[PDB]
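A.B. asks: Please work out how this folds:
(chains A, B, C, D, E, F, G and H)
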Amino acid sequence: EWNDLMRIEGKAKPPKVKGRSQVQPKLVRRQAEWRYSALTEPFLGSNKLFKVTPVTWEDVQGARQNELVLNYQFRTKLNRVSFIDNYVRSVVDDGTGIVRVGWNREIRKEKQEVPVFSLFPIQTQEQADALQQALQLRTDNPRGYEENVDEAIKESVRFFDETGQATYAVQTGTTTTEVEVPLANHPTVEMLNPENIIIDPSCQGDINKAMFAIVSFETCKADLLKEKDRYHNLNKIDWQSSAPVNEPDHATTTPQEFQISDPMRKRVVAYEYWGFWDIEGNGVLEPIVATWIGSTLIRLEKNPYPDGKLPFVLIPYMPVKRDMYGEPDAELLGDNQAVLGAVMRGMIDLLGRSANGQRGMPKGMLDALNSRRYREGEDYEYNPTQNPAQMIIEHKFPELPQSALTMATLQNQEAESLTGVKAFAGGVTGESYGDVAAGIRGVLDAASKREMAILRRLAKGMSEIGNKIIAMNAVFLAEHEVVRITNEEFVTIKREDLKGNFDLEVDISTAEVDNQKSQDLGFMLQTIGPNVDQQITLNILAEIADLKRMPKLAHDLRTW
Amino acid sequence: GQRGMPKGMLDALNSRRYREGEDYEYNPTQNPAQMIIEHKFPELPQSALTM
Amino acid sequence: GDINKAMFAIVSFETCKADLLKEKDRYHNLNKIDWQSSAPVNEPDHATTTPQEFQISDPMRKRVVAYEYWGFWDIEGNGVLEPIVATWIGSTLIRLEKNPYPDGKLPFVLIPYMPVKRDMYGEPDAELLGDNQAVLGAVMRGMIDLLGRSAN
Amino acid sequence: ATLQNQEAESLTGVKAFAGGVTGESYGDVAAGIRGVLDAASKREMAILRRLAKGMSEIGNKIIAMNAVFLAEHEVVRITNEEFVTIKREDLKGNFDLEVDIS
Amino acid sequence: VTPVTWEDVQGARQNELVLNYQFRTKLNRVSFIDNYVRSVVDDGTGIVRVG
Amino acid sequence: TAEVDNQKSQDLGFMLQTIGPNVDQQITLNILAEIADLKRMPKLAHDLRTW
Amino acid sequence: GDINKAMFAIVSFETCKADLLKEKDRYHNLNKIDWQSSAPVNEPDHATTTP
Amino acid sequence: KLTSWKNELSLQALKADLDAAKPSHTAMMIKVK
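C.D. replies: Residues are numbered from 1 along each chain as shown, chains lettered A, B, ... in the order given. See below for the structure:
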C-alpha cells in the first residue's frame, strides 16, 4: 500500500471519466525526493568510508590495519555509490532495510614448474652479508623483498625462519607441483527484498532474540559447484521443477519467459534456514545453516561465521515502540495527497470544460452584407438599436475561486508540518555529523534534528556491517594478502577473542572529522613543549600527515 | 464543472453549433454572458480558519 | 539489478573490411562474408544516423553491421565459467577467443541519472513533468486562440 | 501557469536563474570541510558524484589496459623518467592506486 | 591518481602522466564530456564502451 | 555529552595556565594526560603518564 | 507514591525451556510443567505482539 | 572449428540467447522513446 501511494497505483489512481481529468500531484514522492539527497550525501563526502579507532594504547596497529583492509575492500570489490543509493532509497521507501552479509571464495588449481634447491652450509662472509641484507629488506620493505630478492635467497630465508642455522641453496632441477590460485576472496553485501526474507514473529521486537530466519535467492549450478565440498545431492535436483515462474512466492525482476540455454548457467530458486537448533538433543541450542532446493536438502552444517549471529541487519526509518519494523511517511500523507489531487482535478475540469474562443452574435444587428463584411474583417455598419460593444460576446476562462487555492495551501502546510520537510530548506545535517567537529557548540534548527536521528540510525547499521565484515576478514583472509594490501607487518587476532569485539570501534568517517582531529592534534602539540620529547612530536606530526593523505611524509617522519 | 443554459435562448442548430465549439447566434432578448452559468467551488468562511 | 552479475552482453556496431584487416590474425573466414547481405538498411534492428541510401563505392571502405558477444561460458565443460568474446557478421562466425583485457569484466559502464532501487536503469525528469507540460501548453494555446480569434 | 511552473520546479528541484555552483565545492578538503550549501545543491552534487564514479571506473579500466599493452619505450618517451614495472598477478586486484577527478 | 602506500608515489605519477597525455592527445575531451552528460540526462542511463 | 568534554578541556587548560609549569613536572604530566584522554588519544596519554 | 516503599512487584514474561535449562540449579520441578496449558493464547492477561 | 576448446559455443547458442534477451530490451526501449 505504501509503494502504491508512492507510485500512484492501485487505490491511489483517480477514477477514469471520459469528460474529466485524471491528474494527481505527487506529494509523498516529493517529500521523499528531498529526503534521499538529504541522507545520501554524508556517506559519500570522502574517499574513506569507514573509520577505525583504538580503544587502548596497544590497539593502534590493529586499528590501522583493519581500516586499510576494509577501505580497500569497499573501494575495490563494491560499487559504493550504487549501494548507498539503494540502501537509502529502500530505507526511506519501505521503512525497514534488511542487509545480507556473506563471503565469496573461488579457487582454481594450476600446475607450474617449481625449481628444486639443495641446501649447503653458509661459507665466507659474503653469504652472511647477503642473508643479512635480505632479512633487512624483508623487514623494511616486503614488496621489494618479493620483487627483487629472487627465489634462491627467499628459500634460504625461509629455511632460516624454520631452522635457526643459516644455509645456502643451489638450484638442481624443476618439478611440477599443484598450486591453488584464488580468483576472488572478498565479502559480499546485498540489499534484500522484504518479501523474500521471513523472520521469526515471536522475536518480541528484537532481531537478536529471533529463533530463525529464512531467505530465498536466485542461484545457478556454477555457484554451487564453486564449492563442491559444501553441497551434496546435486544430481537429484531437477532444475525445471524449481523455477522463478514455478514459485509465485519469490519476488524478482527477472522476466517469467526468460531462460538461459546453457543448463549450467540457468537460474533456480533456493532457500536457506539460519537459526538455532538442539543438535545433540540435550537442551543446548547452537547456530546452524540449512539449504534446500525444491524438496531436496543439499547443505547442512554449523554456522561458519565467527560472530555466531544471523547475517542480517535491520534499520527502521521511523521506529515503533516494542516493534521490529518501521513506518514511512506515506501513512500520514495519503489523505493530504488525495485531497490535493481532488482539488487540482476540480480546477482543471473547471478550466477545461468551459468554452473559449467562441463568439456570440445577436440576431438582427447586422444584415447579410454587413455580417459578411464583419466576418471577413473590414468595416461595417450596424443598427443603432443594438450596441455591438455589449451584445457581441467573446467567451473566456472562468475565474478560479479562492477556496481551491486556500485548501491546497492548507494541505501542503499540514503535510510539511507532519513530515517536517520543506521544499528548499534544510539538508545540511550531514556536515554536522562529526562529534568533535560540530557536535560541540553546534546549534541547528528544530527540523535538522529529525534528519540527524535518521542519519544516526543509518550509521548504526553501517557500523554493524563493518564490524561483521571485520570479524569475517579476521578469519578468512590470509597473512600474505593483508601484507600485500597494507605493506606492513601482520598482526594476529586470537580466535577466542573473536566472539567479543574488543580493541576496536567502527564509525563512519567524514571530511570535517579529519580536519577537527588535525586541529586537536595541533593544539595538543602546541600545549606540550616541543623540546620535551622528540618521539612524541614525531608521532604527532605523522598522525597529522596521515589525516592529510600524505603517506610518504608520515612514513618518513615515523622512521626518522 | 456543470453548465446551465436557459430555455429558448438558442434554437436547435445554434445550440448544436455552440455545443460542438463554433460560433453561434443567440436571441437578443437573453444575454448569454449572464444567463450561461458555470458552477464553481463555494467560498470558504473565515470562521473555520479562525477557529 | 547488478551489471557485474550479468552473464552476457551483446553490442552491435558498424565496421568496414579495413578495420578487420588491421588485425588479420584475430579474424577468420573473411572471404565467406557476403558484404551486401549485411547492411544497415538490411537490418532494421540496428539504430544509426547513417542515411539508408548512402553507399560507398569502394568495397574496402564499405560499412557492414557486426555483432559481439561478451560473456562467461564453460569452455572445457567441467563446470568452470570463464570470460570469452565472439564476433559474427550475418550468419558467419569470424572471431572466437578469450577475454583479452586483464580486468576480466565486460567493458561496459552504466551510470543512472535517478536510480531505481534494485534496478539497473535510471529515470529522467520527463516522467514527472509530462502532465505539467501538457497543461501549460493547453493554457498557452487557449490564451493565444483568445487573442487571435478576436477582431482588432 | 504559475502553479504548473511552481509544481515542476518543486518536483525537479531546478530553478531558472539559481544554482549550478555545486561543482566548485566538489573538492573534499577544498570545500567539503565546513561547507554549507542550500538544499537544491545536494541533489546536483549526488548526480555529479554518480557521474564521477563512472569516470573513475573508466580511468581504472584504461590504466589496467595500459599496464599491459603499452611498452617501456613509449612510457619513457611520455614521462622522461625511469620505468616502473607492475606484475601480471597484481593486475586483477587494483592495489597501490586510487583514481579520482581532479 | 594518488598513492595508497608510501612506495606507490612513482607509479601514481607515471600513470597520471600517461593517462593525462592520452586523454589530451587521442581524444576530444569537450565533445566526449558533452555527449556523456547529455545522454545521461536525456535517457537516464549511459553506457560507455572501452577498447 | 560532547560539550562537557570540551569544557573540561578548557578548564584543565585554564588550571595549567594558572599554575606555574615549572613548579612540578608530575602535575603537568598528569594534567596533560587527562587533556589527551578527553581528546580520544589513548597512546599519547599513556606516553605522557609513563614518561 | 514511592517505588522504593513498594512491598512487592510482579512481572510476566515469555520464556522457553532452553532459557530455564541454561541455569539448571536455579529451577526445579521442570518436568511437572505442561507447556500446552501455559501459552500466550491461553492467558488473555499477558499483552504481546506474538501471533 | 575456430578454437581447440573441448566445448564450443557455436552460433546457434548466441542467437538463441539474443532472441531470449530481446523481449525485455524491446519493452524497455518504449520508455526511452
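
A.B. asks: how about the helix or strand where residue A:111 lies against chain D, any contact?
C.D. replies: Assigned by DSSP states H and E, residue A:111 falls within strand A:96-121. No - Strand A:96-121 does not reach chain D (Cβ under 8 Å from any Cβ of the partner chain); its nearest approach is 11.7 Å. (C-beta placed from N, C-alpha, C; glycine too.)

A.B. asks: angle of that strand against strand C:82-89?
C.D. replies: 110 degrees (axes from the mean of the first three to the mean of the last three Cα atoms, to 10 degrees).

A.B. asks: on contacts alone, who are the packing partners of the very next helix or strand once past strand A:96-121?
C.D. replies: Once the chain leaves strand A:96-121, the next helix or strand it forms, by DSSP H and E, is helix A:124-140. Contact analysis of helix A:124-140 by 3 or more Cβ pairs under 8 Å, 6 or more residues apart in numbering or on different chains; DSSP states H and E lists helix A:142-148, helix A:151-162 as its packing neighbours.

A.B. asks: Please produce CSV containing these, extended by mean neighbour count.
C.D. replies: Shown next, in CSV, are the helices and strands packed on helix A:124-140 (neighbours: other Cβ atoms under 10 Å in any protein chain shown):
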stretch, mean neighbour count
helix A:142-148, 15
helix A:151-162, 16
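
A.B. asks: For chain H, find the nearest of those helices.
C.D. replies: When the helices and strands packed on helix A:124-140 are compared by Cβ to the nearest Cβ, helix A:151-162 sits nearest chain H, at 32.5 Å.

A.B. asks: Quick one: list the elements packing against that closest one.
C.D. replies: So helix A:151-162, by 3+ Cβ pairs under 8 Å, 6+ apart, packs with strand A:96-121, helix A:124-140, strand A:167-192.

A.B. asks: Just checking: what are the partner strands of the last one?
C.D. replies: In the sheet, strand A:167-192 lines up against strand A:96-121 (antiparallel) (DSSP bridges).

A.B. asks: can you put the helices and strands packed on helix A:151-162 in CSV and add mean neighbour count?
C.D. replies: Shown next, in CSV, are those (neighbours: other Cβ under 10 Å):
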stretch, mean neighbour count
strand A:96-121, 14
helix A:124-140, 13
strand A:167-192, 14
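
A.B. asks: hang on, the earlier thing: output the helices and strands packed on helix A:124-140 as JSON lines; include the columns distance to residue A:518.
C.D. replies: Output for these, formatted as JSON lines (distance: least, Cβ to Cβ, whole Å):
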{"stretch": "helix A:142-148", "distance to residue A:518": "29"}
{"stretch": "helix A:151-162", "distance to residue A:518": "40"}
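
A.B. asks: For residue C:142, which of those helices is the nearest?
C.D. replies: Residue C:142 sits nearest to helix A:142-148 of all the helices and strands packed on helix A:124-140, at 74.5 Å, using Cβ to Cβ.

A.B. asks: Export only the CA atoms of the closest one, formatted as CSV.
C.D. replies: Taking Å, rounded to 0.1, in the frame of the first residue of the first chain, the C-alpha atoms of helix A:142-148 are listed here in CSV:
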residue,chain,number,x,y,z
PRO,A,142,58.0,-6.5,1.9
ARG,A,143,57.3,-5.6,-1.7
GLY,A,144,61.0,-5.0,-2.5
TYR,A,145,61.8,-8.4,-0.9
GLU,A,146,59.1,-10.1,-3.0
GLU,A,147,60.2,-8.5,-6.3
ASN,A,148,64.0,-8.2,-6.2
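
A.B. asks: How far does stretch A:156-173 stretch from one end to the other?
C.D. replies: 17 Å (Cα to Cα, to the nearest Å).

A.B. asks: neighbouring contacts of that stretch?
C.D. replies: For stretch A:156-173, contacts defined as Cβ atoms under 8 Å, 6 or more residues apart in numbering or on different chains pick out A:115-123, A:127-128, A:131, A:134-135, A:138, A:149, A:152, A:155.

A.B. asks: next structured bit after the helix or strand where residue A:465 lies?
C.D. replies: Using DSSP H and E, residue A:465 maps to helix A:446-476. Later in the chain than helix A:446-476, the nearest helix or strand by DSSP H and E is helix A:479-486.

A.B. asks: Dump that following helix to PDB, keeping only the CA atoms.
C.D. replies: The C-alpha trace of helix A:479-486 is given here as PDB (Å, rounded to 0.1, in the frame of the first residue of the first chain):
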ATOM      1  CA  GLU A 479      48.700 -13.200   6.100                       C
ATOM      2  CA  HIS A 480      50.200 -12.600   2.600                       C
ATOM      3  CA  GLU A 481      47.100 -10.900   1.300                       C
ATOM      4  CA  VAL A 482      47.000  -8.400   4.300                       C
ATOM      5  CA  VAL A 483      50.700  -7.800   3.900                       C
ATOM      6  CA  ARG A 484      50.200  -7.000   0.200                       C
ATOM      7  CA  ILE A 485      47.300  -4.700   0.900                       C
ATOM      8  CA  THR A 486      49.000  -2.800   3.800                       C
END
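
A.B. asks: what comes up buried for it?
C.D. replies: Under the neighbour-count criterion of 16 or more other Cβ atoms under 10 Å in any protein chain shown, helix A:479-486 has A:481, A:482, A:483, A:484, A:485, A:486 buried.

A.B. asks: what does stretch A:202-209 give?
C.D. replies: Within stretch A:202-209, the residues scored as buried using 16+ other Cβ under 10 Å are A:203, A:204, A:207.

A.B. asks: Dump those residues into JSON lines; add distance to chain G and secondary structure as well.
C.D. replies: Formatted as JSON lines, these follow (distance: Cβ to the nearest Cβ, whole Å; DSSP: H, G, I helix; E, B strand; the rest coil):
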{"residue": "A:203", "distance to chain G": "9", "secondary structure": "helix"}
{"residue": "A:204", "distance to chain G": "7", "secondary structure": "coil"}
{"residue": "A:207", "distance to chain G": "14", "secondary structure": "coil"}
